[PDB]
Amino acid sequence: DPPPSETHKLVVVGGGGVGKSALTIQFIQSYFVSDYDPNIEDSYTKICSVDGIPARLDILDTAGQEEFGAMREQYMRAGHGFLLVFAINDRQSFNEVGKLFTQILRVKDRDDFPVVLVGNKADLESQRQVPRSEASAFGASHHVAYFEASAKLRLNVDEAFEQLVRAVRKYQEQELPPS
């Protein structure tokens, strides 16, 4: 008698090498292996329980910095919500997430689309290039949750994806007619 499971399309975006695949694979299957990137099937799905409500999550990882707007647009049509990933040891990857935020709002046509910001590779604190305060200020200024995560140690991996489901649910409830 409980409501049928919701299905959510989540897109993990950010520069190439920031750890989108590593985060996604850790979230789905709890595997991480350094120096081992097999060309596995990339259509990641998982049944999830968030605040005691199950949801089916289809997760789509983007490829690299995509140059062509038409191609980047197809990735953004696909997302009901976005995991916006940079690596804390790579200010250039942090620079890229500011750009992707603009595009997401432009393509969904909102000020407040479900987005969770992730500074990945928290294990590499000794090589930090973006201060935690500067990243979490970028989060607070756009009303998106910020998690410092490590796919390598499986730190905040479940927490960040679960928070993105919360933001999607809350946004979709607010969007019910009349808006």
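Sequential numbering from 1, following the sequence displayed.
The stretch 93-101 shows the higher mean C-alpha B-factor when 80-88 is compared against 93-101 in the entry. Set 26-34 against 63-71 and average the Cα temperature factors; 63-71 ends up higher. Looking at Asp58, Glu41, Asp51, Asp111, the one whose CA carries the top B-factor in the deposited record is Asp111. You'll see in the entry that, of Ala151, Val118, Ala140, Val115, the Cα B factor peaks at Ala140. Among all modelled residues in this chain, the alpha-carbon of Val130 has a temperature factor (C-alpha) in the highest third.
When the CA B factors of the chain's modelled residues are split into thirds, the value for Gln174 lands in the middle one.
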